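One structure, as C-alpha cells, below. Some questions next.
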C-alpha cells in the first residue's frame, strides 16, 4: 500500500527501454506532438510566410522559412516526427519544390485522423480510406491542368514558372529576383531546335556566389564562374583581345617526382654543378611547348612550385588554383576543354576559348571574371548575389536553387503542365473528393470525406498569414465552386484563389492575369509523400524507444 | 542474462524480512550454528569447567560457568538460540539447579 | 526582462560598463595617481 | 531586481489553451472505463495507506493529486454533482472533457474568439434543457413498485446489482422514514445512519429504525433487554461537576475535610433522585459516568450508556421522541422517550451492539450492512448512498427522463436541425455541443465490446423517426428502446450534468496564461 | 495520460494491473498454503525486538508482517474480518482468493471478458448455499454429550499443535463452556473465560478450573491463604484517595492541630471500613473456617491492610474491568460500588479459596462453587511463545464449539464439502444460466477452484494430491447408484479416503459460509480492477 | 548454502526458479503476441544513436533490444536461429516456448514432476512427424505452375 | 508498458528555448536598440569614443560601428544582423557604418 509493484517482471528489457502503444491516448499524443512543429511551418507558408531562426550547437544561424531546411538542424526526439522530418527532405531532393506543402499536408492528415480514431475507425480502415482517395486525387490533377510551356526558352514564359516559385522564398521585389534566375537558365540550355536531340539540364550547373555588401539591385548574371583568387605573378586586363586559348591541368605543375623515396643522387662534383641548371631546363622545355601553342592561361588543380611559376611569368601566362575536384570540374564545361595529366603540349582540339579575364574589386577582395560573351556560348553560369546580411544570402541561394530545380521539371515529363496557384489546386479537389465519397458505399466514406477536409489548410493558412479573418474570407470563396458548372462551356471560375491583404474579399479576379501557377509534377509527389508520411504514423500501433 | 529476474515475491512483504524454510536452508545447517555456543557450555560443565568472561554494553563483567547467567547477558541475533536460552531460564527460576545440563 | 535571459555579448556579467560623469572622474583620478608618482 | 518573483516567464497564446485542453481531456480519459454496467474498477493509494477501490467518478478524482492547475478544476466538478445530487458524477467529467476536446479545433483552426463560443454555449445550454424537459415524462411518486426500478438505474453499474433485489428494499424504507411533510419532503442524508459492521452476509440485512451504538453497559446488573424502554438524553455528565472558577477551600476544623467528600456523595445521589422522578428505564449520556452514580441507579433499573457521539443524540431524539435537557431539574414526563420498543443487546465478539425499534414527523433509521470484508463493506456504504440519492429527486419532482444513451442522443439530434438554420459566425461553436453529447453513448458501446461505428450510425437514424426512447444496451448493445428494459433517471441528474459541463467549459477557455510562484 | 496530471503519478492499466492481482495473490497463498492441515508448517515470527511467536494461524502472521503489495492487503483485511466473527478460516480464505484468480486468469487469456466471469461466481455461489442446507446435518444439543464435543473440539486443535498436547487441551476447550447455557435466551458469551499467561510446570501439564482465578495475591502476610468459607464483597470504590476534585489545603494555627488534621483524613477512611467489619460478624460471630474476602477493582490503601489483617480478611486490588461481571457469575454475588448498602444476600459463596506463589508473584485461586455461571482456563507454558501458541489455539477452539450451540447443524470437514461442490457445479442444466456461453465460463472456473482445499492438505503431508482425489471420484460414482449416502473425506496418514463423521472431523457452519462469500467478493473486485493508480501529496 | 561459498551471490531455486522461466517467457510472448498475423501490430525501434528500425520481424526486436532476463536469452537465440536456416518462424517459436511453459506450469503446481512432463513432449512431438507425412501435399515441379508460386509468396 | 514510469515524450531536446506567446519578436527589437545605445553618442564630429577590453586584455578605442561589433562577441541571433550590415558597409564604401 505504501509502494506500488512498479510493473513487476519488467526486467525483461533494460530500464531505458519504454513501450508506447496506440492505446492509452499515446496515438493522440503522437498527433499532438506533430502540432508542436506543425504550427512552426504554418506561419512560414506562402509569400507572406515568416522565416525562422535556428541556432545549432556550433553557433551557425540559418534563417529560412523552408520546412526541409529548418528540420535539418533541429534535434528530433519523438520517433513519428522523424517520419515527417525525413518526408520533407525527400521532396526537396527529388523535385526541389513543394517542401512546405508536404510538411503541412502530412500534419493535417493526422489532425483529422484524431476525430476518425475517436469514432472507432480501426487503423486498417483509415489507411484504406487515404489510399483510395489519393488514387482519385492524382487522376483529377491531370484533368484540371491548363496551359503548357511549349518552347523551352522564352522571355515571357520563364516568368510564369520560376517567378511564382521564388515568390514564397524571400518575396521582396518580384521582377528583380526573377530576371537574375531566368537569365542564367537560358545560357545552360543547348537549344538546337529542329534537330530532334534529347534535351538535357543540370541542377548543379547554376552556382550562386555569396558576396556581402552592396544591394540586391546591383546584382547581375555572369556567364562564367566567379572565384576569390589572387594572381601570383601579375594581373592582366587582357585588352589585346583576339580571345584566348586556355588549358586545364588537374595535376600540379612541377618536376615529376618518384612516388617512392625521391632522393637526389650525386656521385661526384661533376654531377652536382649541372644539377642546379638541370631542373631549370626541364620546366623550360615543358613550358615552351605550351607557350608555342598560344596558351595564355593555365588552370592548376594543386600547389605549383616556384620554379614552375617563373617561366609562366616570362610568356605572360596566368595561373589559377582549383582546389579539391568539383570546383575544377565545372571550369572545363565553360570553355569546353578536356584535362590531361601530362605536362606536355595539350591537344589543340582540347583547348578552351575565353575572350576576356578580368580582376576587379566587388566585396573587397580580388575576384576573377570568367564571363563569356554572345558568341561561343558557355555553360554552368554563375549569379553574383549582393546583400547586406549573410543570413539573407543563404536562403536566397536556396531560393534560386528552387527556381533551378523548377527547370528540371521541364525535361523529364512531356511539358510543364501548369496548375492554378494561390491554393486553387487543393480547393477544387475538395468538391471532387466529396462527390467521390458518396459514390463509394460502406464505412470507408468517413476517411474519404475527411481526406478532402485536410485540403482546407491551404486557403486558411494563406488567409491567416495575410492578416485576414479566415471565417469571413474562406466561405466567400466556396461561392464560386457552389454554383458548379452552367449550361454553357468556357467556365473561368476555376481560377479563383486566396489573396493576400489589399482589399481582401477574394479578389485578383482570375489568376490567369496574375501569371502565378503551380507545377503538376510537384503536386504529384507532394501528395504521395505527405500521404505515406501520415499513413506510416497511423500504421504503427506500438512505439518503442531506447535510452529515453 | 546480466541481471536476475529478482523474483515476483520480492515486492511481497518487505526487503528486511528474511526466510529460512525446508530445502531453503536450516535442516541441520542452523543446528551446526548453535554448536559455537554449545561448545561454550561444554567447557563450563563439571568441577573442572571453565568460566567465561562476558562484558555487557554497560561495562559490568560477570564471570560464571552458569549457562543461564551467561546466555542472559549475551545479545544473540539467532532466534532459535533464544529457544535454548529461554529453556535454561526456567531451570534457574523454578528449580535453580541443572542449568548446564539443559543446554 | 519578461522572464527570458537577455545576453547581447558573451561574458555578460563579467564585463562592466562605465558612462556619464563617473566614467570621466575615474579617468582623471587614474592619471592623478600616476602623476603624484612621477612628480616626486 | 528580477521584477516579479512569481513566474517572471509567461506562457500565453495558443500554448496556454492547449495545456488547458490536453490536461482536461486526460481527466476524462481515465474514467472512460468507469462508465456502463460492464465498467471496470479503479484502485487508489493514499499517503496514509488506506485502499479505496471503486468505479465512482467523484471518489477517484478527489483522491488523486493533480499538479496541473487547470486540471484541478475538473476534480471539483464531481463535488458539485455529488453534493447537490450524488448520482452521475462520472458522466459530468466525460461530457465536460469531451466539450473541450471538441472545442479545441476552433481557436487554433477557425480562430474563433472564446467569448463568441461562450455566447453559443449559453444558447445551446438553454435549448438542451428544453429537449430534456420534452423527453421527460411524469410518473407516480407514491408507487413503491415504480421507485424500485428507478433505484436500479445507478445499481446496474455498481457491483451490488446481484443484491439489487435486496438493495432496493433497503434504500426504499430508508428515504421514506426520514422524509416528512412541511420544501416537500426535505430529506437529508444526515438523518440516515449507515453503520458498517465487518463480517456477515450481504443477502441478510434489515432496515432498523433507531441508533446502533457500539458502547457496552456501564454495570453488569444493567438489563440488556427491556420490554418497554424509556430513553432520557442528558448532556450533563454523571460525574461530580467542578466549577471553572478554580475555587480553593481553606480547611481549618477537622470536620471540614470529611464533610466535603460527603457533600460530593450527596449531590450525586441528589442528581439521581431528580432522574428517578420520572423513573426512566434507560439513560444515555454523551460524557463519562462516575462509579458512584452507577449504584444509585441500580435500585430504579436505569441502564446508563456513556460517551455517546454528539450527532447520535440528535438521532436518538427523533426515533425515541425524547427532548434533550442538560439539567436534571427540568426533566419531565414529556421529555422522556416514548413509543420505543425492542431494546436488546446482541452479543458479538467484536463489539457490543444495542438495538432500538420505534412504534414530530421527522424520524431516523440505522441500516446495518454486513459485508465479506471491511473494504468491500466500504463499497456497499458508498453504493447505498448513491442508491438513496436517486429516490430523492424522484420525490422532489414527478419529472422522469430516459437514460442509457437515449437522453444524450436526443439532444444532439435537435441541435443538428437548428445548426443549419443559424447561418452565421456562431454556427461552428453551436455544433460542438451536438458532437459533445455523443461521448456518453459511444462510451457505453466501447465498454460493451460492440462496434460504435455501425451502432451510432443507425442510432441517429432512429431518433429521426420521432421516438426519443431509443437507447443503447449495456450487455448486448442492442438498439432496442429503453422502455422495454426500463432504464429511467430523474431529470435533475440530466440537468446537473449538462449545466456543470457548460459552466466549466467556459471557465477553462478564458484562461490565456498560467503563472505560479505566488505563495499566498 | 496520467503523467500530464502529476509528474510523480504512476499507473498500470488493463493486463498490466491484471498480472499483479494474479501474482500477488499467488505469492501470498504460496506462503500460507503450507500452514493448512494438521501436518502444516510452523512459522516463527521474529521482529526487530527479538520476540518469537510460533503460530500456524494466518491472523497473527498477516498482522505482524506488514504487506507492501496493495493487492495482498485486501486478502489480509478479508482474512482478518473472517477471524473476527468466526474465529477461524484465515488460511482458508487466503487459499481460495488466490485460486479463484488463477483459475479465472486462464480464461482471460482465451478472450473472456472479466464481467461474465464475475457472473459465474455469483450464480455458482448461490447454488452452493442451497447445497449447504442439504449437506449439513442437524444435531441435538439438549443431551449435552461429551463424545460429540470432544471430536469437534479436537479437530480444531489438531491444526495447531501435535497429538500429544491436543489430547490434553481437548477436554479443556470442551469444558470451556459446561455450565454456561441458556435454552430460551440463546445468548452465549465466550468472553467470560479468562486467559492466564504464566510459566509453571509444562505446557502439557495445564488443567481446567471450575472457578475464577485471579493474578493478584495477598498484600499482607497475616491474610490467610486457604479459606474454607469465603463471602466475596465486590467493592468498586477506592479506599485510598488518589486526589481531591476541588483544590483544598490544610492550614493549622498551632502544632497541636497537625496530628488532628492528619486524623481528619482518618475519619473518611474508617467510615468506609466501619460498615465492612460489621458485615463480617453480622452472619455469625466467633465462627472458625469461615473467612471474608474483598476483591476491589481500584487501589487499596496499604495503611488499611492492617485493619483487615487483624480480622483475617483477604483483600485484592487493581482488578480488571471484565472481572466485575465475572464475579457475579462465578461467586453468585452482586456488584457493589459503595459500602452504604450491605447485606448477606448480596455476598457470594465459594467452597475453596487458596493462593499459590509462582516466582515473585502470587495468584489467587477460587473454585468449588454450587452453580457457577462462568469458569476460566489456565494456560501454562515453558517459554514465551508457549503462552502465545497455546492462547491462539484456545481462542480458535472457543469459536469452534460455540457455533455448535449457536447452530445445531454440523458440516463434516476434511475437505468433504469442497469435493461435493465440484460435481454439483459441473452442469447446471437450464436451472440458472442467464446467458448462452457467458455464464458457464465463470462457473467452470469457480468449480475447479474449490478443489484446492483438499489438494493443499495432501501436499503438506508429502503425498500426491492427484492420486488421493482419484479414488474419491470413483467412490462417489458407485454411491449414487447403490442408494447409500456417503461422505468421502481425505485421510493424510495412509493417503486414502475416509469418512469425516467416523474419523471425527467436522467444520463450523459460519466458517465455511463466510469463506465462500468472503473470498468471492475479494476475487471478483480484483478481476474487475483493470488499473492500479497511486497519487497524493507527500 | 551458497552464501557460505561466496560472500555476495544471488540465486533462486525450486518455486523461485519455477517462476523465472514461466513469467519471463510470458512477458516476451506478450510482446510478439500482437506481432503474429497479417493484421498484427507494427513496432518501431529507436536507439540512442538516432537510427530507426521499423519492421514486423521478431528477430530485429530481439537483436536490437537487450534482454536482462537469462530465460529469454535462450529463447532469443532459438528464435534467431530459426530465421537463419528457414527464413521464418521467429515469432512462432517464441509463442510455442512461452505458452508450453505456462500450459505445463499448471500441473507443476499440482505436484507433477517436471521430467515426466517433458517426457510426454517427445512422445507427442514424434506423432506430429508421423502425421506430417500424411498432412503434407505433394507438388510436382515438372508442371512449372506460376500461380502456385504466387500464392505461396503472398503468405 | 515496459515500466510504471511511462515518460512523456517531449517534441524538442531538453535545453531548447521557447517562443511565440506575446513579446517574442519584441525581444529582438530591444536587443538592437540596446546595441544602438552605444553607437548613438559616437555619431557626429563632436561625438565620443568607446573603450572596449576583450578577454585577452587588448585595449582598443573605436567609435566605428564595424570595429566595435568585431571586438564584442554577439551571441544574440537578431543582434548579429547589425554586425553584418556594419561589415558590409565598411567593406565597400568604408564610411557610414555607424549611421
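A, B, C, D, E, F and G are the chain letters, set down in written order, and residue numbers restart from 1 in every chain.
The rule is short, and it goes like this: a contact is a pair of C-beta atoms (placed from the backbone, for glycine too) under 8 Å apart; a residue touches a chain by one contact, two chains touch by 3 or more.
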Topological distance between subunit D and subunit E, in contact steps: 1
Farthest chain (mean CA position) relative to subunit F: C
Of A-F and A-E, pair with higher C-beta contact tally: A-F
Distance-to-centre winner among chains (Cα means, whole assembly as reference): D
CA centroid of subunit B to CA centroid of subunit F, Å: 51
Separation of mean Cα positions, subunit E and subunit B [Å, integer]: 33
Sites on subunit G at which at least two other chains make contact: 1, 4-8, 18, 20, 75
Shared interface positions of subunit F, touching two or more other chains: 23-24, 67-69
Residue list for subunit A, restricted to those that touch at least two other chains: 1-2, 4-13, 17, 21, 25, 29, 39, 544-545, 548
Interfacial residue positions of subunit G with respect to subunit A in the complex: 1-13, 20, 75, 77-78, 80-81, 84-85, 87-89, 91-92
Subunit B to subunit F touching residues, read off their complex: 1-5, 7-9, 23, 25, 29
Residue numbers on subunit D that touch subunit A, as the complex places them: 14, 18, 22, 25-26, 29, 45, 49-51, 105, 108-112, 425, 428, 442, 445-446, 451-454, 456-457
Residue ranges of subunit A in contact with subunit F within the complex: 9-14, 16-17, 21, 79-80, 82, 124, 536, 539-548
Footprint of subunit B on subunit A - complex, ascending: 5-6, 8-9, 11
